[PDB]
DNA sequence: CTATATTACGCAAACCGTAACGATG
DNA sequence: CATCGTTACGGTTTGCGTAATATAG
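Residue numbers (the deposited numbering), protein chains in the order written: chain A, 1 to 87; chain B, 1 to 87.
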């Protein structure tokens, strides 16, 4: 897993199609499709139903999505805590 | 912040010095020092006091160590779930 | 002279963006 | 056949490991 994959996958879930997701992240489309492939590979599971319209989430997608949000939340807060702890 | 920095940090924290963590992660020592620099910069905090005898954690680092462990654990379990939900 | 950390340098692998191709409602 | 997803390719960057540098016992 990479932090980058989590952010990208969250955006794709919220967008409903990979092009829109890319525009929201300020990258080109191909990094989106490739990073999703690496994620699905790394997890051993299909997160996304592809069509020419866009994407739907699988059961394993809806599961993962919830946890991706929480890993990002926790990473963010872990930083604020450490910085606070300095003082 | 990257997952690899979290693993490396935990290993450095447990080991008491960078050389022994390096061996336990099966990499040379310079990635360890460099990835601790990258991590410290990205958080904007100092986690470790370096001496010639090894390392000791700051307040900031004791905090971050616990959350490091939470994040990785949560990342592990989130895999397991997503695979389980694909049954 | 050992043990630790850091820095320098060279080469390989990863990663992005443009461009081409493919597939489908 | 218009629109989105994927794959190819070239060029930049990141990132390793070996070797060198610096400090301390």
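All C-beta atoms, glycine included, are put in the ideal place defined by N, C-alpha and C.
Under 8 Å between C-beta atoms of residue i and residue j
i, j, result
"residue 59(B)", "residue 85(A)", "yes"
"residue 63(A)", "residue 81(B)", "yes"
"residue 21(A)", "residue 28(A)", "no"
"residue 45(A)", "residue 87(B)", "no"
Same chain, Cβ closer than 7 Å to residue i, five either side skipped, listed in chain order
i, result
"residue 68(B)", "6, 9, 10"
"residue 57(B)", "13, 47, 48, 65"
"residue 35(B)", "4, 5, 8"
Option in the options with minimal Cα separation from residue i
i, options, result
"residue 33(A)", "14(A), 43(A), 45(A), 55(A)", "55(A)"
"residue 2(B)", "42(B), 79(B), 61(B), 19(B)", "42(B)"
"residue 61(A)", "50(B), 16(B), 79(B), 25(B)", "79(B)"
"residue 16(B)", "51(B), 77(B), 26(B)", "51(B)"
Chain-order list of residues whose beta-carbon lies under 6 Å from that of residue i (same chain, five-residue window excluded)
i, result
"residue 88(B)", "Past the edges of chain B, shown from 1 to 87, lies residue 88(B), and the structure says nothing about it."
"residue 19(A)", "29"
"residue 25(B)", "11"
Own chain partners of residue i with C-beta closer than 8 Å, once the 5 adjacent residues on each side are dropped
i, result
"residue 72(B)", "3, 6, 7, 10"
"residue 31(A)", "8, 22"
Heavy atom of the ligand NAP within 7 Å of residue i beta-carbon
i, result
"residue 26(B)", "Absence of the ligand NAP from the depicted structure is noted, as is the absence of any ligand whatsoever, leaving it without description."
> What are the residues of the stretch 23 to 55 of chain B that lie near chain A, defined by any Cβ-Cβ distance shorter than 9 Å?
Replying inline: 42, 43, 44, 45, 46, 47
> Closer than 7 Å, Cβ to any Cβ of chain A: which residues of the stretch 73 to 86 of chain B, in chain order?
Replying inline: 74, 75, 78, 79, 81, 82, 83, 85, 86
> Looking at chain B, which residues of the stretch 60 to 74 of chain A have a Cβ within less than 7 Å of any of its Cβ atoms?
Replying inline: 60, 63, 64, 67, 70, 71, 74
> Going along the chain, which residues of the stretch 2 to 16 of chain B sit with their C-beta nearer than 7 Å to a C-beta in chain A?
Replying inline: The residues in question are 2, 3.
> What runs of the beta strand (DSSP E), each 3 residues or longer, lie entirely inside the stretch 46 to 75 of chain A?
Replying inline: 48 to 50, 55 to 57
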